[PDB]
Number of protein chains: 2
Amino acid sequence: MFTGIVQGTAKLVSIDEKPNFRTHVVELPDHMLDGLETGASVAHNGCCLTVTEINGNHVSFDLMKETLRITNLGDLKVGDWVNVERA
Amino acid sequence: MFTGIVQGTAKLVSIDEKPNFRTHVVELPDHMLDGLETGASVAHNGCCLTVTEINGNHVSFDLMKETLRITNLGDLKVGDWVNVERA
Ligand SMILES: Cc1cc2nc3c(=O)[nH]c(=O)nc-3n(C[C@H](O)[C@H](O)[C@H](O)CO)c2cc1C
Ligand SMILES: Cc1cc2nc3c(=O)[nH]c(=O)nc-3n(C[C@H](O)[C@H](O)[C@H](O)CO)c2cc1C
């Protein structure tokens, strides 16, 4: 799915804690928005996540508790930069 | 080459700045050491790097100027945890 050739960084502009998961909103680079549809896989810091929503260059993903515990995505704070790569 | 199923996190234990490049030494989880050889590829926060050295659990990578520029790996500090996945 992924080459490990990161295409750029994206700022975490938002974290919604909901009852069973977290939504991360990231601001993607313009050159990554082209042809991006909901359901597409983007790896965040190497972790595969599914696009749930697109508002402009603001892209949403839903993170389960297991993803948060196994990876460092549990420790991000708003304003952090994540490596991003579409598949 | 990578699936984006992160296999775990690795502590950045050492950063050795040189000319141009920068060596990162990370402490890999035990279950990732088996069969790991120099020249092998591991994605660090989604960024594919080549194993340059293995000493116990301590795995070295050399990070080139472009990699530091495109990714967030330039901002890491000793003690940070990185997502890691072997190919
Ligand atoms: C195609 C694909 C899509 C995935 N999408 C998500 C997701 O939206 N949210 C999530 O928490 N995990 C997702 N995962 C699992 C996530 O990548 C995995 O839990 C972490 O990498 C920890 O191994 C996905 C995995 C694959 C293979
Ligand atoms: C098989 C493979 C091995 C790579 N090894 C390294 C490496 O050892 N050091 C490095 O700085 N970049 C390496 N890269 C490039 C690096 O992944 C890339 O510059 C960043 O992901 C930013 O796109 C490699 C790329 C591939 C595809």
Side-chain angles (χ1 to χ4, degrees), chain A residues 1-10 12 15-26 29 31-32 36-54 59-76 81-87, chain B residues 1-10 12 15-26 29 31-32 36-54 59-76 81-87:
Chain A
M1 244 127 17
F2 299 102
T3 68
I5 295 128
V6 170
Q7 307 161 20
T9 57
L12 233 200
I15 311 181
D16 328 353
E17 277 272 307
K18 321 222 185 114
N20 301 297
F21 61 105
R22 227 170 252 205
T23 292
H24 277 191
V25 177
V26 297
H31 72 265
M32 283 172 78
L36 198 66
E37 296 191 276
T38 97
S41 298
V42 174
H44 289 223
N45 275 351
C47 169
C48 193
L49 299 178
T50 305
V51 176
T52 69
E53 203 183 310
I54 322 187
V59 192
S60 295
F61 304 83
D62 289 340
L63 292 76
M64 293 292 117
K65 243 228 199 170
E66 109 184 14
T67 289
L68 299 164
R69 142 196 154 192
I70 294 170
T71 74
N72 64 25
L73 296 184
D75 310 303
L76 303 168
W81 293 89
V82 307
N83 298 331
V84 285
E85 191 195 343
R86 304 167 47 168
Chain B
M1 176 103 132
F2 301 98
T3 69
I5 298 138
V6 175
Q7 303 168 24
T9 60
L12 216 214
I15 302 170
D16 177 8
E17 257 145 275
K18 297 148 174 147
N20 332 266
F21 72 100
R22 201 167 118 142
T23 293
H24 272 202
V25 174
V26 301
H31 73 271
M32 287 181 68
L36 188 69
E37 230 131 270
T38 74
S41 289
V42 172
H44 282 230
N45 268 0
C47 173
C48 185
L49 300 176
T50 305
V51 175
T52 68
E53 202 175 314
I54 322 187
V59 191
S60 299
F61 303 81
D62 285 342
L63 285 77
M64 300 318 157
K65 151 160 210 213
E66 253 350 87
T67 286
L68 300 156
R69 185 206 127 228
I70 290 161
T71 75
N72 64 19
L73 301 182
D75 303 312
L76 291 170
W81 296 83
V82 313
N83 297 328
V84 287
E85 187 200 345
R86 295 172 54 181

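First the proteins, then the strands, lettered A, B, ... as listed; each starts at 1. Counting starts at 1 for both ligands and their atoms, following the listed order.
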| Hey, what do you get for CG (A:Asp16) to NE2 (A:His24), rounding to the nearest 0.5 Å? | 9.0 Å
| Got A:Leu76 and A:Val82 here, is their nearest side-chain heavy-atom distance under 4.5 Å? | yes
| note | Contacts satisfying side chain to side chain donor-acceptor pair (under 3.5 Å) that involve residues 60-71 of chain A (not counting sequence neighbours) are A:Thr23-A:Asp62
| message | Test your reading of the model: is there a side-chain donor-acceptor pair from B:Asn83 to the backbone of A:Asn72, 3.5 Å cut-off? | response | yes
| Within the distance-only criterion (no hydrogens, no angle test), does the side chain of A:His31 pair as donor or acceptor with the backbone N or O of A:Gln7 below 3.5 angstrom? | yes
| Residue shell around ligand 2, heavy atom under 4.0 angstrom | A:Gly4, A:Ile5, A:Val6, B:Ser41, B:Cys47, B:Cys48, B:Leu49, B:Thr50, B:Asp62, B:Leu63, B:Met64, B:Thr67, B:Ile70, B:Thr71
| note | CG (A:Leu68) and CD (A:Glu17) are apart, to the nearest 0.5 Å, by 8.0 Å
